[PDB]
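Chemist: To start, I am sharing the structure in question, which I have written as structure tokens.
Any read-out appearing in this document is the output of simple, stated calculations on the displayed coordinates, not a laboratory observation. Cβ sites come from the backbone with ideal geometry, for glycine too, and all protein chains shown count toward neighbours.
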Amino acid sequence: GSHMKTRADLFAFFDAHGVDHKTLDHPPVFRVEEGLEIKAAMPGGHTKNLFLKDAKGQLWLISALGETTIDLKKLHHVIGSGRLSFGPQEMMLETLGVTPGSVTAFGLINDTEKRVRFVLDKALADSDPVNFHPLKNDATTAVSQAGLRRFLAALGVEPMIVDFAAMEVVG
């Protein structure tokens, strides 16, 4: 809809659920910096966000670390069906209504319609942990594999693992 969540609700959201995650009030990037200094504490950050949608109409969020080269060609092949392909960003702005770049970070927050499934890459689920660039692009946010559990458990989302190398679900 025409309503996007805000930090006031986000910070309080994870604060009310006592999630194992904790947002960092770090400053933005003024000069050429990859967050190497903070990286020492956060093994994530330089992650990638994929935006795809199935033929059924549901969107799929596939997050992977910035170390491996995700194979979109082998992504859909993992299942064969679903017609998973690059979807129009407009779909993420209407459902997730977030900023361009990392909609999988806090896309579920805005997606209160129980839509859009959260898919974690075998490499991303390897404890990136899951640092992404949500609406709070101004600040950093890290959530351990144990954190998202309480995050999706509230929204009603079920995280799934898929190893592009194994061509199957890692459950």
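Chemist: Could you go through the stretch 45-59 in sequence order and give the Karplus-derived ³J(HN,Hα) for each residue, using 6.51 cos²θ - 1.76 cosθ + 1.60 with θ = phi - 60°, rounded to whole Hz, and x for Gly and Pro?
Modeler: x, 6, 9, 10, 10, 9, 10, 10, 9, 7, 5, 5, x, 7, 8
Chemist: Classify the stretch 35-87: rounded, prolate or oblate, from the alpha-carbon gyration tensor (a ≥ b ≥ c, eigenvalue square roots; a/c under 1.5 rounded; otherwise prolate if a/b is larger than b/c)?
Modeler: Prolate is the answer for the stretch 35-87, as a/c is 1.5 or above and a/b outweighs b/c.
Chemist: Right, next: Pull up all non-local amide H partners of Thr140: gap of 5 or more, or a different chain, and H-to-H distance under 5 Å with H placed in the peptide plane.
Modeler: Placed amide hydrogens put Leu24, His26 under 5 Å from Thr140.
Chemist: Nearest 5 is fine: what % of DSSP beta bridges in the stretch 4-171 come out antiparallel, could you say?
Modeler: Antiparallel: roughly 65 percent of the beta bridges in the stretch 4-171.
Chemist: Let me know the charge dipole size of the chain about its Cα centre in debye, to the nearest 20, where only the beta-carbon of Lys, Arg (+1) and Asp, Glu (-1) is charged.
Modeler: 360 debye
Chemist: Longer than 22 Å from Cα to Cα, which of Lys73/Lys114; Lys5/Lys39; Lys53/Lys136; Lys74/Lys122; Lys5/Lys136 are they? Say none if no pair is.
Modeler: Beyond 22 Å between Cα atoms: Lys73/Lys114; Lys5/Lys39; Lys53/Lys136.
Chemist: Report the net charge of residues surrounding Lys74, where surrounding means a beta-carbon distance below 14 angstrom and charges are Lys +1, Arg +1, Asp -1, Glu -1.
Modeler: So the surrounding residues net to -2.
Chemist: What residues have an amide H closer than 5 Å to that of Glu168, excluding those fewer than 5 places away on the same chain, when H is modeled at 1.01 Å from N in the peptide plane?
Modeler: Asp163
Chemist: Still on this structure, please answer the following. What shape does the stretch 1-76 have by the C-alpha gyration tensor, where a ≥ b ≥ c are the square roots of the eigenvalues, rounded means a/c under 1.5, and otherwise prolate means a/b greater than b/c and oblate the rest?
Modeler: Note, shape of the stretch 1-76 comes out oblate.
Chemist: I've got another one for you. Could you run the Karplus curve 6.51 cos²θ - 1.76 cosθ + 1.60 with θ = phi - 60° over the stretch 30-38 and give me ³J(HN,Hα) per residue in whole Hz, x for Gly and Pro?
Modeler: Using θ = phi - 60°, the values come out as 8, 10, 3, 8, 10, x, 5, 4, 6 Hz.
Chemist: Let me see the pair-distance distribution of the chain: every alpha carbon pair, 10 Å bin width, integer percents in order.
Modeler: All Cα pairs considered, the percentages come to 10, 40, 37, 13, 1.
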